[PDB]
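Chemist: My questions will all concern the structure given below.
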Amino acid sequence: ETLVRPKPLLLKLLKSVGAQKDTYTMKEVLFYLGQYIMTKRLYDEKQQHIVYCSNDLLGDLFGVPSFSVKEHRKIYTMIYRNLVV
């Protein structure tokens with residue numbers, strides 16, 4: 001699998017939920033980002049596809065105050081800005 005090296009902020013968030021490494025697969029990046037969002041309950045309780053992140057560090061990764069998990073283009077584009085191949 002293609003390996004990626006998260007930039008400092010992305011790396012910090014992934015490590016905050018138990019990832020121990022500096023190099024990741026895209027599956028692992030998504031796994032730990034998902035766990036990050038879950039464990040900080042950034043999603044809307046009543047509209048659970050929607051993540052509200054304007055006061056979280058996640059909001060600085062995305063550069064938006066919220067997003068839907070359905071928005072794969074936005075999500076992958078954010079991830080692209082925050083790693084090196």
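To be explicit about the labels: the chains of the structure tokens are called A, B, and onward in the order shown, and within each one the residues are counted from 1, while ligands get numbers from 1 in the order they are shown.
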If we count only C-alpha atoms, what is near range 54-66 of chain A at a cut-off of 10 Å, once residues fewer than 6 positions away on the same chain are taken out, given as a PDB file with N, CA and C atoms, in the first residue's frame?
Modeler:
ATOM      1  N   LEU A   9       0.582  18.756  12.261  1.00  0.00           N
ATOM      2  CA  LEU A   9      -0.730  18.852  12.871  1.00  0.00           C
ATOM      3  C   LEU A   9      -1.506  17.551  12.688  1.00  0.00           C
ATOM      4  N   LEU A  10      -1.557  17.052  11.454  1.00  0.00           N
ATOM      5  CA  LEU A  10      -2.244  15.767  11.189  1.00  0.00           C
ATOM      6  C   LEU A  10      -1.634  14.668  12.060  1.00  0.00           C
ATOM      7  N   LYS A  12      -0.082  14.889  14.901  1.00  0.00           N
ATOM      8  CA  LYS A  12      -0.503  15.088  16.302  1.00  0.00           C
ATOM      9  C   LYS A  12      -1.896  14.532  16.595  1.00  0.00           C
ATOM     10  N   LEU A  13      -2.844  14.768  15.686  1.00  0.00           N
ATOM     11  CA  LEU A  13      -4.200  14.292  15.893  1.00  0.00           C
ATOM     12  C   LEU A  13      -4.250  12.753  15.867  1.00  0.00           C
ATOM     13  N   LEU A  33      -8.256   9.183  11.977  1.00  0.00           N
ATOM     14  CA  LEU A  33      -9.089  10.406  11.879  1.00  0.00           C
ATOM     15  C   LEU A  33     -10.519  10.151  12.330  1.00  0.00           C
ATOM     16  N   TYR A  36     -10.566   9.904  15.996  1.00  0.00           N
ATOM     17  CA  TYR A  36     -10.395  11.243  16.539  1.00  0.00           C
ATOM     18  C   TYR A  36     -11.727  11.965  16.622  1.00  0.00           C
ATOM     19  N   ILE A  37     -12.485  11.934  15.529  1.00  0.00           N
ATOM     20  CA  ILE A  37     -13.777  12.597  15.454  1.00  0.00           C
ATOM     21  C   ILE A  37     -14.774  11.983  16.453  1.00  0.00           C
ATOM     22  N   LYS A  40     -13.835  12.794  20.278  1.00  0.00           N
ATOM     23  CA  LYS A  40     -14.092  14.177  20.665  1.00  0.00           C
ATOM     24  C   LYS A  40     -15.533  14.589  20.399  1.00  0.00           C
ATOM     25  N   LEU A  42     -17.244  15.290  17.761  1.00  0.00           N
ATOM     26  CA  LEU A  42     -17.311  16.466  16.902  1.00  0.00           C
ATOM     27  C   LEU A  42     -18.505  16.435  15.970  1.00  0.00           C
ATOM     28  N   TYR A  43     -19.082  15.256  15.798  1.00  0.00           N
ATOM     29  CA  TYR A  43     -20.258  15.083  14.977  1.00  0.00           C
ATOM     30  C   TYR A  43     -21.518  15.610  15.673  1.00  0.00           C
ATOM     31  N   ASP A  44     -22.502  15.991  14.874  1.00  0.00           N
ATOM     32  CA  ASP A  44     -23.782  16.440  15.399  1.00  0.00           C
ATOM     33  C   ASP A  44     -24.582  15.211  15.838  1.00  0.00           C
ATOM     34  N   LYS A  74     -13.596  16.712  -0.636  1.00  0.00           N
ATOM     35  CA  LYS A  74     -13.110  17.679   0.372  1.00  0.00           C
ATOM     36  C   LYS A  74     -12.170  17.025   1.386  1.00  0.00           C
ATOM     37  N   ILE A  75     -12.600  15.873   1.891  1.00  0.00           N
ATOM     38  CA  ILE A  75     -11.809  15.107   2.842  1.00  0.00           C
ATOM     39  C   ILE A  75     -10.447  14.704   2.265  1.00  0.00           C
ATOM     40  N   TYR A  76     -10.438  14.083   1.081  1.00  0.00           N
ATOM     41  CA  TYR A  76      -9.173  13.669   0.462  1.00  0.00           C
ATOM     42  C   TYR A  76      -8.284  14.858   0.086  1.00  0.00           C
ATOM     43  N   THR A  77      -8.898  15.972  -0.285  1.00  0.00           N
ATOM     44  CA  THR A  77      -8.126  17.164  -0.638  1.00  0.00           C
ATOM     45  C   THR A  77      -7.448  17.742   0.620  1.00  0.00           C
ATOM     46  N   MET A  78      -8.175  17.751   1.749  1.00  0.00           N
ATOM     47  CA  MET A  78      -7.595  18.160   3.052  1.00  0.00           C
ATOM     48  C   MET A  78      -6.415  17.297   3.427  1.00  0.00           C
ATOM     49  N   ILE A  79      -6.605  15.984   3.340  1.00  0.00           N
ATOM     50  CA  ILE A  79      -5.549  15.046   3.647  1.00  0.00           C
ATOM     51  C   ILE A  79      -4.352  15.285   2.738  1.00  0.00           C
ATOM     52  N   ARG A  81      -3.242  18.049   1.444  1.00  0.00           N
ATOM     53  CA  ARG A  81      -2.507  19.233   1.918  1.00  0.00           C
ATOM     54  C   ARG A  81      -1.701  18.960   3.193  1.00  0.00           C
ATOM     55  N   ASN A  82      -1.989  17.861   3.899  1.00  0.00           N
ATOM     56  CA  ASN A  82      -1.399  17.614   5.207  1.00  0.00           C
ATOM     57  C   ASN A  82      -0.500  16.395   5.302  1.00  0.00           C
TER      58      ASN A  82
END
Chemist: Here is a test: counting only C-alpha atoms, which residue of A:68, A:51, A:46, A:32 is nearest to residue 14 in chain A?
Modeler: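 Closest to residue 14 in chain A, using only C-alpha atoms: A:32.
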Chemist: Which parts of range 13-77 of chain A does DSSP call strand (DSSP E) when run on the backbone here, written out as a PyMOL selection string?
Modeler: chain A and resi 24-25+50-52+66-68
Chemist: Let's have the selection written as an mmCIF file, in the first residue's frame, with C-alpha atoms.
Modeler:
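Generated output (again15.cif):
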data_model
loop_
_atom_site.group_PDB
_atom_site.id
_atom_site.type_symbol
_atom_site.label_atom_id
_atom_site.label_comp_id
_atom_site.auth_asym_id
_atom_site.auth_seq_id
_atom_site.Cartn_x
_atom_site.Cartn_y
_atom_site.Cartn_z
ATOM 1 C CA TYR A 24 0.863 5.459 7.403
ATOM 2 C CA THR A 25 -1.296 3.908 4.775
ATOM 3 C CA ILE A 50 -22.081 16.188 9.881
ATOM 4 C CA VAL A 51 -18.862 17.008 11.738
ATOM 5 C CA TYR A 52 -18.563 20.471 13.379
ATOM 6 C CA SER A 66 -17.960 21.746 9.280
ATOM 7 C CA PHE A 67 -18.248 18.961 6.715
ATOM 8 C CA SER A 68 -20.219 15.807 5.957
#
Chemist: Taking the backbone alone, and naming residues the way the document does, which bits of range 43-75 of chain A are alpha helix (DSSP H) by DSSP, as an mmCIF file with N, CA and C atoms, in the first residue's frame?
Modeler:
data_model
loop_
_atom_site.group_PDB
_atom_site.id
_atom_site.type_symbol
_atom_site.label_atom_id
_atom_site.label_comp_id
_atom_site.auth_asym_id
_atom_site.auth_seq_id
_atom_site.Cartn_x
_atom_site.Cartn_y
_atom_site.Cartn_z
ATOM 1 N N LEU A 57 -8.809 21.700 16.561
ATOM 2 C CA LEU A 57 -7.683 21.636 15.637
ATOM 3 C C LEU A 57 -8.062 21.011 14.293
ATOM 4 N N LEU A 58 -9.002 20.064 14.303
ATOM 5 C CA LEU A 58 -9.475 19.472 13.049
ATOM 6 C C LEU A 58 -9.948 20.550 12.079
ATOM 7 N N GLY A 59 -10.567 21.599 12.613
ATOM 8 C CA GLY A 59 -11.041 22.705 11.804
ATOM 9 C C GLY A 59 -9.928 23.423 11.067
ATOM 10 N N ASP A 60 -8.751 23.539 11.676
ATOM 11 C CA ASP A 60 -7.603 24.067 10.950
ATOM 12 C C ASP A 60 -7.042 23.109 9.890
ATOM 13 N N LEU A 61 -7.138 21.789 10.074
ATOM 14 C CA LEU A 61 -6.786 20.870 8.965
ATOM 15 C C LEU A 61 -7.692 21.062 7.769
ATOM 16 N N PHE A 62 -8.991 21.014 8.006
ATOM 17 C CA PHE A 62 -9.960 21.143 6.910
ATOM 18 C C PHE A 62 -10.064 22.553 6.358
ATOM 19 N N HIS A 72 -16.258 13.144 0.148
ATOM 20 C CA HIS A 72 -14.959 12.494 -0.036
ATOM 21 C C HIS A 72 -13.940 13.395 -0.732
ATOM 22 N N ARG A 73 -14.364 14.153 -1.743
ATOM 23 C CA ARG A 73 -13.419 15.047 -2.422
ATOM 24 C C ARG A 73 -12.776 16.040 -1.441
ATOM 25 N N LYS A 74 -13.596 16.712 -0.636
ATOM 26 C CA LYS A 74 -13.110 17.679 0.372
ATOM 27 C C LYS A 74 -12.170 17.025 1.386
ATOM 28 N N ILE A 75 -12.600 15.873 1.891
ATOM 29 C CA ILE A 75 -11.809 15.107 2.842
ATOM 30 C C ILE A 75 -10.447 14.704 2.265
#
Chemist: How many Å separate CA of residue 26 in chain A from CA of residue 48 in chain A?
Modeler: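 CA of residue 48 in chain A lies 23.0 Å from CA of residue 26 in chain A.
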Chemist: Which distance in Å separates CA of residue 83 in chain A and CA of residue 23 in chain A, to one decimal?
Modeler: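 About the pair CA of residue 83 in chain A and CA of residue 23 in chain A: they are 9.7 Å apart.
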Chemist: May I ask for the distance between CA of residue 5 in chain A and CA of residue 17 in chain A, given in Å to one decimal place?
Modeler: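 According to the coordinates, CA of residue 5 in chain A and CA of residue 17 in chain A are separated by 16.8 Å.
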